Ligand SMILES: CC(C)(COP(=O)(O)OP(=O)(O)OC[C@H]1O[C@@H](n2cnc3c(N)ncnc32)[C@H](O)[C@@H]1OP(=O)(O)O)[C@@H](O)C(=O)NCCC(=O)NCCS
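Below you will find one chain, with nothing else, as structure tokens; this is the form deposited without coenzyme A, and questions on how it binds or moves follow later.
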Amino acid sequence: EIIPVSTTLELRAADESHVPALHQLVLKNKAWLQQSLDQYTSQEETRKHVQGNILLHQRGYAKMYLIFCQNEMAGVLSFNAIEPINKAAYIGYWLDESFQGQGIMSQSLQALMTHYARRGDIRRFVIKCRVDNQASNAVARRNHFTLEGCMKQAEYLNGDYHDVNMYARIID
């Protein structure tokens, strides 16, 4: 399963075989990843999450895609949870540091939202991120999500509770 983005960009459904290269991306970006809700070791842990999401990807309450830029794995774009009757989904994402600042995540997100909206599966796209994560809040604001609120101490990470912004975008 491929979802086209541009002539250099595409979205690929996460595979078992992607794991060796994905875990390397995770290791390489660990300093950024451990500060974001999108969270914590071994390669088996990475394959666990991938196999876990393939199962959800099939049965329809999550999706896990990988951004490939000129046939190179650049990052991760997913629907964390999916509410099929509400037609809502929560978005998880991150990009490899060396790929930042090109509009890659933005083009990927817009393409993935567009794909799912015109098939009628999802119309409400939600982002939750730490108030203090500048990069995550930028992805939301940069992609025309509306800030719906601020959830006080909503998420535990690294020994403390964090305020979380909720953003949403409706595409009918």
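So that there is no doubt, residue numbering starts at 1 and follows the sequence shown. The term rigid core refers to the most C-alpha atoms you can superpose between the two forms while keeping them within 1.5 Å.
Peer 1: Tell whether, across the other compared PDB entries, at least a third have no coordinates for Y65.
Peer 2: No.
Peer 1: Please check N133 against the other PDB entries of this protein that were compared: is it missing in at least a third of those that model both its neighbours?
Peer 2: Result for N133: never missing in the compared entries.
Peer 1: Hey, how big is the hole between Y40 and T41 in terms of deposited residues without coordinates: none, 1 to 3, 4 to 9, or 10 or more?
Peer 2: The entry leaves 1 to 3 residues without coordinates here.
Peer 1: Higher average CA B factor in the deposited record is what I'm after, so tell me if that's 55-63 or 106-114.
Peer 2: Mean B over CA atoms: larger for 55-63.
Peer 1: Using the B-factors recorded in the PDB entry, average over the C-alpha atoms of 24-32 and of 41-49, then report which stretch comes out higher.
Peer 2: 41-49 has the higher mean C-alpha B-factor.
Peer 1: Using the B-factors in the PDB entry, rank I91's C-alpha atom against the chain and give the third, lowest, middle or highest.
Peer 2: It falls in the middle third of the chain.
Peer 1: Split the chain's modelled residues into thirds by Cα B-factor; is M166 in the lowest, middle or highest one?
Peer 2: Its C-alpha B-factor belongs to the lowest third of this chain's values.
Peer 1: Ranking every modelled residue in this chain by its Cα temperature factor as given in the entry, which third contains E148?
Peer 2: Tercile = lowest for this residue's CA B-factor.
Peer 1: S78's Cα B-factor: lowest, middle or highest third of the chain?
Peer 2: Middle third by C-alpha B-factor.
As for the form solved in complex with coenzyme A, it is not shown, yet the points below apply to it.
Peer 1: Give me the residue from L66, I104, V50, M113 that has a heavy atom within 4.5 Å of coenzyme A in the deposited bound form.
Peer 2: The option sitting close enough to the partner is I104.
Peer 1: Is there a heavy atom of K30 lying 4.5 Å or less from a heavy atom of coenzyme A in the deposited bound form?
Peer 2: No, no contact at 4.5 Å.
Peer 1: Going by a heavy atom distance of 4.5 Å, is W94 a contact of coenzyme A in the deposited bound form?
Peer 2: Yes, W94 lies within 4.5 Å of coenzyme A in the deposited bound form.
Peer 1: Would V26 count as a contact of coenzyme A in the deposited bound form, using a 4.5 angstroms cut-off between non-hydrogen atoms?
Peer 2: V26: no, not in contact with coenzyme A in the deposited bound form.
Peer 1: So in the deposited bound form, does any heavy atom of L37 sit within 4.5 Å of coenzyme A?
Peer 2: Because a heavy atom of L37 falls inside 4.5 Å of coenzyme A in the deposited bound form, the answer is yes.
Peer 1: Counting only non-hydrogen atoms, choose the one of 42-50, 58-66, 116-124, 129-137 that falls within 4.5 Å of coenzyme A in the deposited bound form.
Peer 2: Result for this chain: 129-137.
Peer 1: Choose, among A13, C150, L157, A21, the residue with a C-alpha displacement of 2 Å or more between this form and the one not shown when the rigid core is used for superposition.
Peer 2: The only residue crossing the 2 Å threshold is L157.
Peer 1: Inspect the rigid-core superposition and answer whether the C-alpha of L55 shifts by 2 angstroms or more between this form and the one not shown.
Peer 2: No, the C-alpha moves less than 2 Å.
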